[PDB]
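S.K.: Take this structure first; my questions come after.
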Ligand SMILES: *[C@@H]1O[C@H](CO)[C@@H](O[C@@H]2O[C@H](CO)[C@@H](O)[C@H](O)[C@H]2NC(C)=O)[C@H](O)[C@H]1NC(C)=O
Ligand SMILES: *[C@@H]1O[C@H](CO)[C@@H](O[C@@H]2O[C@H](CO)[C@@H](O)[C@H](O)[C@H]2NC(C)=O)[C@H](O)[C@H]1NC(C)=O
Ligand SMILES: *[C@@H]1O[C@H](CO)[C@@H](O[C@@H]2O[C@H](CO)[C@@H](O)[C@H](O)[C@H]2NC(C)=O)[C@H](O)[C@H]1NC(C)=O
Ligand SMILES: *[C@@H]1O[C@H](CO)[C@@H](O)[C@H](O)[C@H]1NC(C)=O
């Protein structure tokens, strides 16, 4: 069933007991923290095989 | 507890796993802040069930 990704994340916030409006009011920050965090995965796996 | 949904002309709130449209009201919803913050918000009346009772 399709659902907009910002609304799928609002359901997933609401599932950990954080109210939906915490996402919609912080959506740019939450997206920046996510894009940054995947950038660290890419750097770590390039930096070391270990 | 639900999702906002439109049939193409009206707006309703429904539970997420079975289509059950309700009128949007001050019970079905909660406020947080002003209209300007949320990315992709829309405009509708929200019915307040007390107001017709204060009309008597
Ligand atoms: C919550 O933490 C985030 C970082 O995790 C803070 O976000 C930064 O805010 C400053 C301005 O105050 C910006 O210069 C940075 O670019 C922001 N970072 C990101 C990744 O967007 C945020 O300020 C913190 N909020 C509170 C209330 O403490
Ligand atoms: C969408 O929901 C409305 C409200 O339940 C449906 O009802 C009709 O809405 C039109 C205006 O769009 C009114 O003129 C009719 O009098 C309403 N009829 C009834 C039975 O209330 C509407 O049919 C629904 N569907 C669409 C495609 O808008
Ligand atoms: C949603 O409703 C608000 C409130 O009526 C609308 O904002 C006003 O729109 C008029 C017409 O463009 C402007 O003259 C006002 O200055 C606006 N007020 C503010 C505080 O911005 C808004 O345009 C509506 N949005 C949609 C998509 O219908
Ligand atoms: C949805 O995406 C389109 C581009 O495909 C954009 O123009 C529009 O402003 C977006 N609307 C909402 C409600 O996010």
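Residue numbers (the authors' numbering), protein chains in the order written: chain B, 894 to 943; chain A, 1092 to 1147.
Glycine included, each C-beta is placed from N, C-alpha and C at the ideal position.
#1: Less than 8 Å between the beta carbons of residue 1130/A and residue 901/B, yes or no?
#2: Does the distance from the CB of residue 1119/A to the CB of residue 1093/A come in under 8 Å?
#3: Roughly how many angstroms separate the alpha carbons of residue 904/B and residue 913/B, rounded to a whole number?
#4: Whose CB is closer than 6 Å to a heavy atom of ligand 1? List the residues in chain order.
#5: What residue range is occupied by the uninterrupted beta strand (DSSP E) comprising residue 1096/A?
M.R.: To lay it out plainly:
#1: no
#2: Against a cut-off of 8 Å, the Cβ pair of residue 1093/A and residue 1119/A comes out as a contact.
#3: Looking at the backbone, the Cα of residue 904/B and that of residue 913/B are separated by about 7 Å.
#4: 922/B, 925/B, 926/B
#5: 1094-1097
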